[PDB]
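Here's the structure, in structure tokens; my notes come after.
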Amino acid sequence: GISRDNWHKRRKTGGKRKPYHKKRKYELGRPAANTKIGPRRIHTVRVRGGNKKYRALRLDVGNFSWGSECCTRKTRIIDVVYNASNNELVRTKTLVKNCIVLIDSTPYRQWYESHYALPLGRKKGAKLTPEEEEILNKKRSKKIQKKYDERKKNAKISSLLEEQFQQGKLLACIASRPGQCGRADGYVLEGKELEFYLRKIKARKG
Amino acid sequence: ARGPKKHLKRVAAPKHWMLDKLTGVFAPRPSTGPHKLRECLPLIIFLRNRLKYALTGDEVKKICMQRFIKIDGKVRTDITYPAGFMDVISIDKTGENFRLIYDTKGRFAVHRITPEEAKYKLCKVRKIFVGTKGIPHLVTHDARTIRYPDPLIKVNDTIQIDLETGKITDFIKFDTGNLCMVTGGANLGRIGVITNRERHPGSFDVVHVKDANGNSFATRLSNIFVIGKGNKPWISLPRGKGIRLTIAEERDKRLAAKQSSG
Amino acid sequence: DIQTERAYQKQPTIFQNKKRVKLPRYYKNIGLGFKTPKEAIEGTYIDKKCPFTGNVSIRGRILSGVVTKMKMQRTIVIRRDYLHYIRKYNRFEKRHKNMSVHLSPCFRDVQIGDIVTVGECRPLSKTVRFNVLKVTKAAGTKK
RNA sequence: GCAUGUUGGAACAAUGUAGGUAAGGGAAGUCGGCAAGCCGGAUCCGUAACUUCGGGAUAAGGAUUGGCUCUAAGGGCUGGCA
RNA sequence: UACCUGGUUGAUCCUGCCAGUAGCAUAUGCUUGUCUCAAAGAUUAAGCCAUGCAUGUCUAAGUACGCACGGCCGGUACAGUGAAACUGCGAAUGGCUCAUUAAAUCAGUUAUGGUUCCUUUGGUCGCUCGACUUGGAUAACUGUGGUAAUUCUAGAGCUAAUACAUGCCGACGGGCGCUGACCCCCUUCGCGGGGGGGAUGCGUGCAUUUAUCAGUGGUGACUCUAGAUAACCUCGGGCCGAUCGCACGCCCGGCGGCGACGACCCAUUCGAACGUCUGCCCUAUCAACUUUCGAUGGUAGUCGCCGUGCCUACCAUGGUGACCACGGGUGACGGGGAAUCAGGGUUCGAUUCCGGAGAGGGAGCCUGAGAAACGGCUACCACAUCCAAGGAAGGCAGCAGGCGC
RNA sequence: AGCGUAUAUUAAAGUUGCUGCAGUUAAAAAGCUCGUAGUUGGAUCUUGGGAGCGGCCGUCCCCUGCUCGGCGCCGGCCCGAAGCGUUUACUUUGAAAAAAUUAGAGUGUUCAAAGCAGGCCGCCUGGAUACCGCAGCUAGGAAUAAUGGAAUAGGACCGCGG
């Protein structure tokens, strides 16, 4: 196949690097993983040194860190948005490191509405019809209501994130390599990074 | 190479083993253990060549099955066990405890010690590794994992441990003017105090070790092993005492001993 | 006036999106008795191939040379000059071995013909294994 | 603009005139590859002998030739900028 | 040993070479009384091989109803030897030779802070808050057979594991933080404000990742380790002893020492790989060369156990060399060394002592920690073997020895 | 119990010449000058003084500083330790430089090629050195060849003020 070597090409001056030996087993290069989105299926590959490598094939979930409160949850991946260098990976939904994905807003919405006890998302016109969190919001004690108010005061979020929680599709990046370790970990884009990627999205669209 | 070595050549050997060329072609390969390859000396060679008890290799195998030789707090019956710097080889039947100390030349010196002296030995630590919950683990010169140490035990400070329990008794702090056995390179087996410390960033620091006979020599930081606090050794010393006298004086003392003997 | 590439360029240590209401610059020392210039602290440049504000280890051999080319970006080409004594004919011969050295963008006002200190590091590219430590000016040229 | 150019209908002999198709070999027939037949355009790589250095040269030679649906690059007007 | 003679002319001095002269390591020829040692398919033929061989191992401490044998008092299977096996390790070293091979290998020198690592040693083997031991396939054996024929084979009767999977008694009764009903205390007429005890539920050990805050020990140097918070624990799945053996004892059913093996994680030994400075044979009837099927750099991915256009999209048009880059040849593996030899120099080195290469020429591949292994696997070409003409198989530049030279 | 001969090669050579070649008449100055790389290059920057022991002559000590502390002593002096005080080549020293090999301490294999042995009526030793040019590092001095200061003055220093 193909391997990692320096002797196959020419020198810096221009000479020809002629070899002095045949093949080696450690000189070996495997093809890419090229994972997709779908049902859970991960292959394993035994590598040099008695170690294992988890190659992902299809994965529809992911763990993404929200950097302000530093708390991550398992979050469903629904769509691939944009890649920087290769624009063909925007069309062909192939996940590698440093790609933008749409993720669901419901686990972080449930965490916010359970801990902070404040309405997250909730476009004006549709009230809470099952009435599950409305009991947890009200019916509190007088001495703990001050602690709830102090937690309520330090809970300001920006409008650029508020619109994304309104639509229910957050943006996220890829930090861990899915081919090397197996886990597709990442983080949520915030602030100037989110403005930069949304400016690239707007420049691609119109 | 496709794999490790199984055999060992007699020519590929250091100078201090004193292995001659005529007797053998294939050298006894030492097994893997705490000490290095060239630093140690095998037990079968130490039995048949240096002390000269047995002659053939099968006799050492017949001896070691009856479990006579005890190595530094353990009855070890391995003929190719690496026995290196500051090891105590105890024999219960003959009652001759030996201590491995370098001579004033590059060779070792056979020295018999009391059982009270064989109860302890001197060792050196290398580093302090941080555990999974902030637990300091000592790294000795031949990998003795002992955790929860004393905070005064630094890198250059040496400790005095016990064989059967593996616990410290005393410690020699790395200070100026302490006796140091320089073990490495050309200046091998030297006794002298530290009269000057010179620092060097990047590389290791050079130390001007001075013997109290009008002799001084500079040696890098790797060949440092202090034994006592200034002028107080807690070990017994063999003949030679680390003088580093000249070859003309050695020839004169040899001629004087020859004229005294006859 | 940064990030002309397609991807987002940043330092992996700093964090700029915490709960607030100028970003502080992150740097580390190189050691071996050296200091840092004021422009490296005051600037806002980012480069991962930097000993101070980056991730590379300077160790091994420390050599010197002279700068002769500044055509390629983010790197310079140096040229060593030394002699050697031949035991057969008791005269000297000429030797030179040129090499490419990565150039940190903090060194702004650098001209050709100045003495440069190179330091061995990990191979970042095919024929570059050295970084720039300090640049000293030649004779004169106060302007 | 025209109603097949001094005529219409019928069957489909041989031999004529003009065309093509032809298993296999491929100028071995004949003064005579005569006639007849093959190659064919565009893009890309690439090119000898001799030379009045201009020609050779398209030398000799090779690979590609659809449908459907996308991505990237190159401009005017107004008030570093939209 | 820092050293000489003769020869051009009718005759004499210079230059010029020739004739010898003294060695080393190969063959040939004469002769070869003894003894200590003692080289010998390197030169052309890395071309092919008739013949025999070069890789096996049990202790009471893995599995033994082979009577193949054995103690008899057999009955609680079990004294022991024990063919043939399963299971675990090595088989990845050694030897041969210089074709290929001239910044390549190789010699002082060093760094992996940019990574792995069999075995041994030292730890680790009641940290988790949850069956007086559960399940079925099979090797060895017997028996029906085919095949010119292979160290080529199946259906049946069977049976075991330190082989394959699922998962318990105890430690274990209580702590750590998130959630918090509700009560109670101090001041105020009371709400408001402050401060302790606390019903119920959740997770709560190491291995792995993501990301924030803070900063015990050490380094010339941290984005090294560690502290806190929040989740991950991939079914192609990290650990959390459903193991074997010799003599043995004290208290109402329970209790305990001396062994072998394995395992989450770390140090160490043995190494391999990756590096940087310096050194090399000739030739200018070789002066320009290298490239968009990367030549010289960057951003972001892929890959590798790590650091690299190694491979990918887009930008810049660079880089080396007259101190000989590049190409061609070498009757060229490299170094330590050997010979003649004054001092200086010349030639050879394939060889034991060190490092790399490969098993007719290539191509690709499994297994295991370590192999592109070679007396490992498969395909093409050449050489080339048996045959019921249906088909099968091999690669001595190993030991002795042969063919051609 | 050793030689003649043949094939590769060394000294003889100052008949290849750094030690150590010639160029009128033997082969060897381009017909001739200019000319870029390369070689090499005028002079020139601290010139002896103080103390001791002998017979002006040989030896011996002196002619860059300030943060932390110990031979200490009475706000001060001495010295102990880190830091830094243009840069080379050469020279002095140290670190480091597998064995065998070359010279060889010891050395009755009866001598030698050897070898690292062995000898005293229970014991004692030796089993080293020279060699390892160049490459990298550490410690002295500044003769030799380069090397920089301030003259469109943004030259030092000492007291400053915002």
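Residue numbers (PDB author numbering), protein chains in the order written: chain JJ, 2 to 207; chain FF, 2 to 263; chain MM, 3 to 23, 32 to 153. Beta carbons: idealized from backbone N, C-alpha and C, even for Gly.
Report, in whole angstroms, the separation of the C-beta atoms of residue 189 of chain FF and residue 82 of chain FF, which I expect to be a contact under 8 Å.
So it is not a contact: roughly 23 Å between Cβ atoms.
Identify, in the order they occur along the chain, each residue of the same chain with its Cβ nearer than 7 Å to the Cβ of residue 91 of chain FF, setting aside the five sequence neighbours on each side.
Counting only Cβ-Cβ distances below 7 Å, and skipping sequence neighbours, we find 71, 98 and 119.
Could you tell me the boundaries of the beta strand (DSSP E) in which residue 206 of chain FF lies?
Premise fails: residue 206 of chain FF is in no beta strand (DSSP E) and is neither H nor E.
In the structure shown, what three-state DSSP assignment does residue 51 of chain FF receive?
Residue state, collapsed to three classes: helix.
Would a check of beta-carbon distances place residue 85 of chain JJ closer than 8 Å to chain MM?
At least one chain MM Cβ lies under 8 Å of residue 85 of chain JJ.
Looking at the strands, I want to know which residues DSSP matches up with residue 100 of chain FF.
DSSP lists FF:89 and FF:112 as partners of residue 100 of chain FF.
Using the rule of at least 16 other Cβ atoms within 10 Å of the residue's Cβ for burial, across every protein chain shown, is residue 162 of chain FF buried or exposed?
With 16 or more other Cβ atoms within 10 Å, it is buried.
Using 8 Å as the threshold, is the segment 125–139 of chain MM in touch with the segment 60–76 of chain MM, meaning 3 or more CB pairs across them?
As far as the Cβ criterion goes, the segment 125–139 of chain MM touches the segment 60–76 of chain MM, which means the pair count is three or higher.
Measuring alpha carbon to alpha carbon, tell me which of MM:14, MM:41 and MM:19 ends up nearest residue 196 of chain JJ.
Residue 196 of chain JJ has its Cα closest to that of MM:19, out of MM:14, MM:41 and MM:19.
Could you tell me which chain JJ residues have their CB closer than 7 Å to the CB of residue 137 of chain MM, listed as they occur along the chain?
Residues of chain JJ passing the Cβ test: 13.
Can you name, in chain order, every residue of its own chain whose Cβ lies under 7 Å from the Cβ of residue 171 of chain FF, other than the five neighbours on each side?
Hits under 7 Å: 161.
Can you tell me whether DSSP reads residue 108 of chain JJ as helix, strand or coil?
Here residue 108 of chain JJ sits in helix by DSSP.
In chain order, which alpha helix (DSSP H) runs of at least 4 residues are fully inside the segment 31–84 of chain FF?
The segment 31–84 of chain FF contains these whole alpha helix (DSSP H) runs: 58–65.
Do residue 105 of chain FF and residue 254 of chain FF count as a contact pair if the criterion is CB distance below 8 Å?
Against a cut-off of 8 Å, the Cβ pair of residue 105 of chain FF and residue 254 of chain FF comes out as no contact.
Under the rule that 16 or more other beta-carbon atoms within 10 Å means buried, what is residue 102 of chain JJ, buried or exposed?
When all chains shown are included, residue 102 of chain JJ counts as buried.
Would you please verify whether the beta carbon of residue 19 of chain MM is less than 8 Å from any beta carbon of chain JJ?
Closer than 8 Å to some Cβ of chain JJ, the Cβ of residue 19 of chain MM qualifies, so yes.
Quick check: the Cα distance between residue 30 of chain JJ and residue 55 of chain MM, rounded to an integer number of angstroms?
Taking the straight line joining both Cα atoms gives about 36 Å.
Who are the near neighbours of residue 106 of chain JJ in its chain, counting only those whose CB is closer than 6 Å to its CB and skipping five residues on each side?
Around residue 106 of chain JJ: 166, 169 and 171.
In the DSSP assignment, find the unbroken alpha helix (DSSP H) run with residue 258 of chain FF in it and report its ends.
Start and end: 248–262.
Does the count of Cβ pairs from the segment 51–65 of chain MM and the segment 110–121 of chain MM closer than 8 Å reach three?
Touching, yes, given that three or more Cβ pairs across the two stretches are closer than 8 Å.
I need the boundaries of the beta strand (DSSP E) containing residue 198 of chain JJ, first residue and last residue.
Looking at the DSSP string, residue 198 of chain JJ is not in any beta strand (DSSP E); the run it does join, the alpha helix (DSSP H), is 193–206.
Let me know if residue 133 of chain FF comes out buried or exposed under the rule of 16 or more other beta-carbons within 10 Å of its beta-carbon.
So residue 133 of chain FF ends up on the exposed side.
Is DSSP giving residue 113 of chain JJ helix, strand or coil here?
In the structure shown, residue 113 of chain JJ sits in a helix (DSSP, three-state: H, G or I).
Would you say residue 132 of chain MM reaches chain JJ, if we count a Cβ-Cβ gap shorter than 8 Å as a contact?
It does not: the Cβ of residue 132 of chain MM has no partner Cβ on chain JJ nearer than 8 Å.
Distance check for residue 45 of chain JJ and residue 52 of chain JJ, CA to CA, integer angstroms please.
Rounded to the nearest angstrom, the two C-alpha atoms are 10 Å apart.
Any beta carbon of chain JJ sitting closer than 8 Å to that of residue 55 of chain MM?
No, no contact with chain JJ.
Relative to the C-alpha of residue 146 of chain MM, which candidate in MM:92, MM:32 and MM:75 has its C-alpha closest?
For residue 146 of chain MM, the nearest C-alpha among the options comes from MM:75.
For residue 84 of chain MM, which option in MM:53, MM:42 and MM:110 has the closest C-alpha, if you only look at C-alpha atoms?
The option with the nearest alpha carbon to residue 84 of chain MM is MM:110.
Taking C-beta pairs closer than 8 Å, name the residues in chain MM that residue 69 of chain JJ reaches, listed in chain order.
Within chain MM, the residues near residue 69 of chain JJ are 19, 20 and 21.
Which two residues bound the contiguous beta strand (DSSP E) that contains residue 138 of chain JJ?
From DSSP, residue 138 of chain JJ is part of no beta strand (DSSP E) but of the alpha helix (DSSP H) over 134–138.
Hey, residue 63 of chain JJ and residue 185 of chain JJ are a contact pair by Cβ (cut 8 Å); roughly how many whole angstroms apart?
Going by Cβ atoms, the distance from residue 63 of chain JJ to residue 185 of chain JJ rounds to 5 Å, so yes, they are a contact pair.
Note down the Cα distance separating residue 110 of chain FF from residue 56 of chain FF, rounded to an integer number of angstroms.
Taking the straight line from one Cα to the other gives about 21 Å.
Listing by chain order, which chain MM residues have their CB less than 8 Å from the CB of residue 193 of chain JJ?
Ordered by position in chain MM, the residues that pass the 8 Å Cβ test against residue 193 of chain JJ are 18 and 19.
Anything in chain MM within Cβ reach of residue 65 of chain JJ, meaning under 8 Å, just list it in chain order.
Under the 8 Å cutoff, chain MM gives no residues; its nearest Cβ is about 14 Å from residue 65 of chain JJ.
Do three or more CB pairs link the segment 200–216 of chain FF to the segment 32–43 of chain MM at distances below 8 Å?
Contact holds: three or more Cβ-Cβ distances are below 8 Å.
So which residues of chain JJ does residue 8 of chain MM contact, with C-beta pairs closer than 9 Å?
Those within 9 Å of residue 8 of chain MM in chain JJ are 84, 85, 86 and 201.
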